[PDB]
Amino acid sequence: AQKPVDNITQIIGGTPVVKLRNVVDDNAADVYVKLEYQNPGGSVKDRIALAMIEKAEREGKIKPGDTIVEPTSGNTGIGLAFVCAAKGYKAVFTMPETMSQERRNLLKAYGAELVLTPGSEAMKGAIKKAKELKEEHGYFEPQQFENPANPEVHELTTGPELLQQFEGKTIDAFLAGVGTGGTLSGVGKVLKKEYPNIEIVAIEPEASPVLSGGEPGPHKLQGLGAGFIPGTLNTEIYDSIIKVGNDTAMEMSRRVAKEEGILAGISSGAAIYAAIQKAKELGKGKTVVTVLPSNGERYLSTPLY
């Protein structure tokens, strides 16, 4: 157990890794999952929320008490709300009015302010409004799809944690769902350096396969499928792409909760499905690693559970 800390943000990171036992066969590679929902705010996005705020503070762009703005309906808003409460900042989020009352309650429980934009305008409307608010009011915008501190924190923390966790082992393939691409890009850089024969695999929704060259579309893999290629994604880092359908991802998340006792979100079921497909290709004795971004408790009101 960690010695006492003065601020909850000092416990972000250092997340555990579990080997899967039942949803993958003894004929396939070993599959390991990094539990990023064990971060204190509940998802991988604690890491980038802390990193973007700390970099802007270190560059003098913000100081405690300042207000930030970000267009987000997902885990990054929860992450930024959590970090801003812990570090003494004020957070404003823009988002379409289709966001659940419970999700709103979570951001407001950390003290954030919400600015709801027209549902018919989806994320475009929220992005437009956040830029308007930034220019009118002087708010700092973290900009999770452009800020280099996003992939950099994964290069400094998440990736090197994996190198410590797998010392004396070879990772043969690392797979990650792409939302901002920061996880895949920063972890992948660190793992490719240490394990030059590793395969790095991007995961995206079948229904919006923009990295594969297809057109954006509506999909249900929350946390993935931005519909564009983010600034924070290194499109050279991955050797291949695995597309996952809505239903396939949800069926795997249900299997993993019941058969491994690991209760994770939709994007985690997509990651595990892809990792098992890759493990079958690599066969016995090899090592496949992926990341579970968020916990199934955040999805109890969705079709997943």
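We call the rigid core the largest set of C-alpha positions that still match within 1.5 Å between the two forms. We number the residues from 1 along the sequence you see.
Enquirer: Do the Cα atoms of 188-196 or those of 130-138 sit farther, on average, from the shown form in 4 other deposited structures of this protein after fitting on the core?
Expert: With the rigid core superposed, the C-alphas that lie farther in 4 other deposited structures of this protein are those of 130-138.
Enquirer: Output the stretch, either 225-233 or 110-118, that has more C-alpha displacement from this form in 4 other deposited structures of this protein following superposition by the rigid core.
Expert: Of 225-233 and 110-118, the stretch deviating more in 4 other deposited structures of this protein is 110-118.
Enquirer: Pick between 269-277 and 57-65: the one whose mean CA B-factor in the entry is higher.
Expert: Here the higher of the two C-alpha B-factor means belongs to 57-65.
Enquirer: Return whichever of 117-125 and 159-167 has the greater mean Cα B factor according to the PDB record.
Expert: Result of the comparison: 117-125.
Enquirer: Tell me, please, which of 183, 100, 144, 75 has the highest C-alpha B factor according to the deposited entry?
Expert: Across 183, 100, 144, 75, the entry lists the biggest C-alpha B-factor for 100.
Enquirer: For the CA B factor values reported in this entry, which option in 36, 251, 46, 70 has the top one?
Expert: Highest C-alpha B-factor among the listed options: 251.
Enquirer: Grab the CA temperature factor for residue 228 from the record and place it in the lowest, middle or highest third of its chain.
Expert: CA B-factor rank for residue 228: highest third.
Enquirer: When the deposited Cα B-factors of this chain's modelled residues are ordered and cut into thirds, is residue 28 in the lowest, the middle or the highest one?
Expert: Residue 28: CA B-factor falls in the highest third of its chain.
Enquirer: Could you say whether, by C-alpha temperature factor, residue 10 belongs to the lowest, middle or highest third of its chain?
Expert: For residue 10, the deposited C-alpha B-factor lands in the middle third.
Enquirer: When the modelled residues of the chain are sorted by Cα temperature factor, does residue 218 land in the lowest, middle or highest third?
Expert: It belongs to the highest third of the chain when residues are ordered by C-alpha B-factor.
Enquirer: Pull the Cα B-factor of residue 131 out of the PDB entry and bin it into the chain's lowest, middle or highest third.
Expert: Its C-alpha B-factor belongs to the middle third of this chain's values.
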